[PDB]
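First, one chain by itself in structure tokens, the form deposited in one PDB entry.
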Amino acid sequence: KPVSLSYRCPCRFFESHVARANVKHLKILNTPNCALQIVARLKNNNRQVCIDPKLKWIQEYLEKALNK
């Protein structure tokens, strides 16, 4: 068992290799015990993946979604 003690982060791993056009659904999770993490559901895979906030299109997404 990989120990974490606490729950820590809902999203542990990030796909990062997720493009805007392959995203069915976007949810932004705010985890105080970790950092920010975005959840996207894949259109082709149909699964939800956790996205890394360092993605450029994500940065674009942030300024759009949080400001407007």
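Numbering starts at 1 and follows the sequence shown.
Same protein, other form: the form deposited with a small molecule bound, not shown, and the subject of what follows.
Mapping the unseen interface onto this chain, residue 42 counts among the residues with a heavy atom inside 4.5 Å of the small molecule in the deposited complex. Of the heavy atoms in residue 18, some are within 4.5 Å of the small molecule in the deposited complex. Taking the partner from the other structure, the small molecule in the deposited complex has no heavy atom within 4.5 Å of any heavy atom of residue 55.
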